[PDB]
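> Before I ask anything, here's the sequence and the deposited coordinates:
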2 protein chains.
Amino acid sequence: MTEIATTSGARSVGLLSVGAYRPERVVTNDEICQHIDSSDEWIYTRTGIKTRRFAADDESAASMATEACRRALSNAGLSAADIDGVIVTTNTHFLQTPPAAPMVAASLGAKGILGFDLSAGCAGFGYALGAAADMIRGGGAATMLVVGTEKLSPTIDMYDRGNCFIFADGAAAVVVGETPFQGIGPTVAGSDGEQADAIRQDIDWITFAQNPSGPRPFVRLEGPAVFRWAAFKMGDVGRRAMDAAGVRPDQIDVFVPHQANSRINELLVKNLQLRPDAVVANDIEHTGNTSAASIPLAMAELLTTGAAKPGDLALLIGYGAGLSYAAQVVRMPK
Amino acid sequence: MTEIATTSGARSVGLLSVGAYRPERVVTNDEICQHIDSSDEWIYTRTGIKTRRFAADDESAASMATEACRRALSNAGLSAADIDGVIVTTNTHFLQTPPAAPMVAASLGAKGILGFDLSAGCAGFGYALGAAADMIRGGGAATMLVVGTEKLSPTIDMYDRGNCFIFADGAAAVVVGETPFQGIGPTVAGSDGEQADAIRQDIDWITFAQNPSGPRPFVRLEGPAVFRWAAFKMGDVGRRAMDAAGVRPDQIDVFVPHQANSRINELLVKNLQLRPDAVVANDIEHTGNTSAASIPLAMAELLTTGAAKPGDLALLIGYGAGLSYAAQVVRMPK
Ligand SMILES: CC(C)(COP(=O)(O)OP(=O)(O)OC[C@H]1O[C@@H](n2cnc3c(N)ncnc32)[C@H](O)[C@@H]1OP(=O)(O)O)[C@@H](O)C(=O)NCCC(=O)NCCS
Ligand SMILES: *SCCCCCCCCCC
Ligand SMILES: *SCCCCCCCCCC
């Protein structure tokens, strides 16, 4: 007997810019491996990693996230004032509450804008990019900041001969806003719950809290299970992303898969049938697996080098913990 | 050349149903006052809480969340098969990773459907409804379970005379899907990072993990600051929620504020200039504050008691940690 208004926002949205932040401390394979039993070679050939960046003690995912935003905003040619919202996506904010998002907002000068934390393993960014495009088109925001941020350092077990050499630290954000032409395709996402513990924190925080004498919680990865999963499944997930975007594989300019493993991403490239000249993201060689921050960071590295250029038609594929996956086709920012 | 394609979905969406789970174990006011200097009369008058529910030890944000989803699914007349995505929104998932959302989807038998965790303090549910609808309108999903779940019992310092009686346990899910007529108005939200520390974890998990034998983290609350905040700021918040929906104050039949404290909520009622006979959610009486679970648990209480009616016009205002608020106008579910 009484109507709730139906509204709408702008129909064309894109990645206005990207802005990266990588902590200054460089951690070679020799440093990493000398505390287990391995070698430079052994790590390089199984993963693709050479060096990785670890954050300083006083740095957090929120701090790094703040610095990332500032740069995206700078690159987008905008102030904090132009932003209606921030989505902080991450798995390494070490407080149950308050959420990182508002803190990131306050640091920027836009104290009062909307914002939340989003958790979907490594594929968080994919879901965040996704959620922002839907919110702008819905008419609940005109311009937004989405930031992938991570400080995985303190979570690594230095005695874990499987994954201590994998995870690293950093942040990178995109300004999502209205563009003349459609810049972000429809989100393609899904997951696999049976295999949740493939990538996990081994002990919950409260169980750890109630029994201090036990072992502390560290990150644990089941290599073969996660390799197999991503390597043989994300190809089709990649095809759907382009299916929804109305784009043929021959037309993909830039391939940004999550930087978990160079061997995984090598297999996905053959599988996806791209041009022989398609620019594959390989930021992992000097960044490592920065989880939810991988793709945006990876975008900026391709951008920094020139291998990718603003407007290039990019396939973004994210896969990781929870066994989650979120892909879209996008145009390149900056 | 080569344009990125857009998808579109249902123009009008709404709360098809609500499913609620509260754990069997009642904890009385006297029982709370064992490890603090207080009484039943002191707690009830200053909060409006008489009793609350504490979860069993084998339970969790995920277990509870799952139970709530079934209850919702059953009320809407749907099975897992009908769901395309799930959003778990919590502050008491005690794993940095993996997200609860996948494990929850798995538990229901929708193993591969999309989803993720959303963290925005107490206003979590507000954002999650907002993102759910936004996604469905953008055509990335046709029908979604949004579940707010919380196991706060283990985060409570039983010696905290300031809050040990405030927080409780439970979960509640809604089903969002297409409806004949508009059922959820735009989302109005925002934050206050300056006062990020009003509701908090006092010690992050990493700091604590490197010093396990010392003080462990609990939830902290700066009573007056949050009272003062909510009591004088949520008025215009709600006003904005009714403005976007194209409804007047006199038109709201059911007010559902976040269940922080009955006093705060009575002042909201007055400030909002609702009808004298408008129905006001007071689920706190035997549920206490369940953060991101409160609003939808409230919706359920009113429906169960026949105090609210399906399709009744409703105003939802969420407020809490990070200093985050999300609010919308909706028609009542179930
Ligand atoms: C903190 C709160 C409980 C009131 O306590 P308070 O008066 O600020 O506590 P103080 O430490 O200043 O002590 C003041 C007095 O209260 C008395 N007191 C008695 N029982 C008390 C109790 N259970 N808790 C706190 N104070 C109590 C103290 O003895 C003290 O003595 P005095 O009045 O003779 O000086 C109040 O802010 C409150 O109701 N909080 C929850 C409701 C709320 O604001 N919720 C928003 C949550 S999101
Ligand atoms: S997809 C990989 C993301 C890694 C997140 C794990 C966070 C660390 C958990 C151990 C405390
Ligand atoms: S709005 C209330 C949000 C508080 C969530 C409780 C968990 C916070 C960490 C306490 C250890």
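Cool, got the structure. Numbering: from 1, shown residues only, chains lettered A, B, ... in the order given. Ligands and ions are numbered 1, 2, ... in the order given.

> all contacts plus neighbour counts: C-alpha atoms, from now on.
Noted.

> Just the buried residues of the longest helix that chain A contains, please?
Identified as the longest helix of chain A according to DSSP state H is helix A:223-245. Using 16 or more other Cα atoms under 10 Å in any protein chain shown as the test for burial, helix A:223-245 gives A:226-227, A:229-231, A:234-235, A:237-245.

> anything in stretch A:187-205 sitting right up against ligand 3?
No. Using Cα under 6 Å from any ligand atom, stretch A:187-205 stays clear of ligand 3, with a minimum separation of 9.3 Å.

> Residue A:157 - how many residues pack around it?
Residue A:157: 17 surrounding residues under other Cα atoms under 10 Å in any protein chain shown.

> did I read that right, it in a strand?
No. Looking at residue A:157 with DSSP: H, G, I helix; E, B strand; the rest coil, it is coil, so not inside a strand.

> Please tell me how far it sits from ligand 2.
Residue A:157 sits at a distance of 9 Å from ligand 2 (criterion: Cα to the nearest ligand atom, to the nearest Å).

> got it, and residue A:212?
Taking Cα to the nearest ligand atom, one finds residue A:212 at 15 Å from ligand 2.

> before we move on, what about residue A:39?
Residue A:39 sits 23 Å away from ligand 2, going by Cα to the nearest ligand atom.

> Would you mind confirming that that residue makes contact with residue A:33?
Yes. At 6.1 Å, residue A:39 counts as touching residue A:33 under the criterion of Cα atoms under 8 Å.

> Which one's more surrounded, these two?
Neighbours were counted for residue A:39 and for residue A:33 using other Cα under 10 Å; residue A:33 has more, 19 against 14.

> What residues does that one make contact with?
Contact partners of residue A:33, counting by Cα atoms under 8 Å, 6 or more residues apart in numbering or on different chains, are A:39, A:40, A:165.

> Turn those into JSON lines, including secondary structure and distance to residue A:112.
Shown next, in JSON lines, are these (DSSP: H, G, I helix; E, B strand; the rest coil; distance: Cα to Cα, whole Å):
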{"residue": "A:39", "secondary structure": "coil", "distance to residue A:112": "49"}
{"residue": "A:40", "secondary structure": "helix", "distance to residue A:112": "48"}
{"residue": "A:165", "secondary structure": "coil", "distance to residue A:112": "39"}
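
> domain assignment for chain A?
According to curated CATH domains, chain A comprises the domains A:1-182, A:183-332.

> Can you give me the end-to-end span of the last one?
Across its full length, domain A:183-332 reaches 8 Å between end residues, using Cα to Cα, to the nearest Å.

> With stretch A:248-266 instead?
Distance between the two ends of stretch A:248-266: 20 Å, counting by Cα to Cα.

> List the buried residues for that stretch?
For stretch A:248-266, by 16+ other Cα under 10 Å, it's A:249, A:251-262, A:264-265.

> Flag every residue of chain A that's near ligand 3.
A:96, A:97.

> how does it look with 8 Å?
Neighbours of ligand 3 within chain A, by Cα under 8 Å from any ligand atom: A:95, A:96, A:97, A:98.

> circling back to that earlier point, export the domains of chain A to a markdown table and tack on distance to residue B:220?
Shown next, in a markdown table, are those (distance: least, Cα to Cα, whole Å):
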| stretch | distance to residue B:220 |
| --- | --- |
| domain A:1-182 | 10 |
| domain A:183-332 | 16 |
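
> Ok, which of those comes nearest residue B:201?
Ranking the domains of chain A by proximity to residue B:201 (Cα to Cα) places domain A:1-182 first, at 5.9 Å.

> Determine if any part of the closest one is in contact with ligand 1.
No. Domain A:1-182 does not reach ligand 1 (Cα under 8 Å from any ligand atom); its nearest approach is 12.6 Å.

> Quick check: end-to-end length of that domain?
From its first residue to its last, domain A:1-182 covers 38 Å (Cα to Cα).

> distance of residue A:180 from ligand 3?
As judged by Cα to the nearest ligand atom, residue A:180 and ligand 3 stand 40 Å apart.

> go on, residue A:24?
For residue A:24, the distance to ligand 3 - Cα to the nearest ligand atom - is 31 Å.

> Was I right to think that residue contacts residue A:53?
Yes. Using Cα under 8 Å, residue A:24 makes contact with residue A:53 at a distance of 6.8 Å.

> Between those two, tell me which one has more neighbours.
residue A:53 (21 against 11).

> mind checking the SS state of the more buried one?
strand.

> Leaving out chain neighbours, which residue sits closest to it?
Among residues not flanking residue A:53 along the chain, residue A:26 sits closest, at 4.8 Å (Cα to Cα, 6 or more residues apart in numbering or on different chains).

> So the one you found sits against residue A:54, correct?
Yes. Applying Cα under 8 Å, one finds residue A:26 in contact with residue A:54, separated by 6.6 Å.

> Looking at those two, which one has more neighbours?
Legend: neighbour count by other Cα under 10 Å for residue A:26 and residue A:54, higher for residue A:54 (23 against 14).

> quick check, residue A:294 in a helix?
Yes. Read with three-state DSSP, residue A:294 is one of the residues of a helix.

> which residues sit in contact with it?
Contacts of residue A:294 by Cα under 8 Å, 6+ apart are A:122, A:148, A:258, A:259.

> Which residues of chain A lie near ligand 2?
Counting by Cα under 8 Å from any ligand atom, chain A sits next to ligand 2 at A:91-92, A:121-123, A:152, A:154-156, A:167, A:199-203, A:217-220, A:260, A:289-292, A:319-322.

> go with 6 Å
Residues of chain A lying close to ligand 2 by Cα under 6 Å from any ligand atom are A:91, A:92, A:121, A:122, A:155, A:201, A:217, A:218, A:219, A:291, A:320, A:321.

> can I get these in CSV with neighbour count?
Output for the residues of chain A next to ligand 2, formatted as CSV (neighbours: other Cα atoms under 10 Å in any protein chain shown):
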residue, neighbour count
A:91, 28
A:92, 24
A:121, 29
A:122, 34
A:155, 20
A:201, 21
A:217, 22
A:218, 18
A:219, 20
A:291, 32
A:320, 27
A:321, 31
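
> all strands in the stretch 201-334 of chain A, in order from the N-terminus.
Assigned by DSSP state E, counting those that start in this stretch, the stretch 201-334 of chain A shows strands spanning A:219-221, A:254-257, A:279-280, A:313-320, A:324-331.

> relative to strand A:324-331, how tilted is the fourth one?
Using axes from the mean of the first three to the mean of the last three Cα atoms, to 10 degrees, the interaxial angle of strand A:313-320 with respect to strand A:324-331 works out to 170 degrees.

> what number of residues lie near the closest residue to residue A:10 other than its chain neighbours?
Nearest non-adjacent residue to residue A:10, counting by Cα to Cα, 6+ apart: residue A:137, 5.2 Å away. If you count neighbours by other Cα under 10 Å, residue A:137 ends up with 23.

> Which parts of the stretch 1-150 of chain A are strands?
Assigned by DSSP E, counting those that start in this stretch, the stretch 1-150 of chain A shows strands spanning A:13-21, A:25-28, A:51-54, A:85-89, A:114-119, A:143-151.

> Dump these to TSV, plus distance to residue B:299.
Listed next are the strands of the stretch 1-150 of chain A as TSV, based on distance: least, Cα to Cα, whole Å:
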stretch	distance to residue B:299
strand A:13-21	35
strand A:25-28	51
strand A:51-54	46
strand A:85-89	27
strand A:114-119	23
strand A:143-151	31
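
> among these, which is nearest residue A:181?
Closest among the strands of the stretch 1-150 of chain A, using Cα to Cα: strand A:13-21, at 7.4 Å.

> check whether stretch A:307-325 contacts chain B.
Yes. Interface with chain B: stretch A:307-325 contributes A:321, A:322, A:323, A:324 (Cα under 8 Å from any Cα of the partner chain).

> And those, which is closest to residue A:4?
Nearest to residue A:4 out of these is residue A:324 (Cα to Cα; 34.7 Å).

> my guess is that closest one contacts residue A:119, does it?
No. Using Cα under 8 Å, residue A:324 is not in contact with residue A:119; the gap is 10.1 Å.

> Many thanks, I have nothing further to ask.
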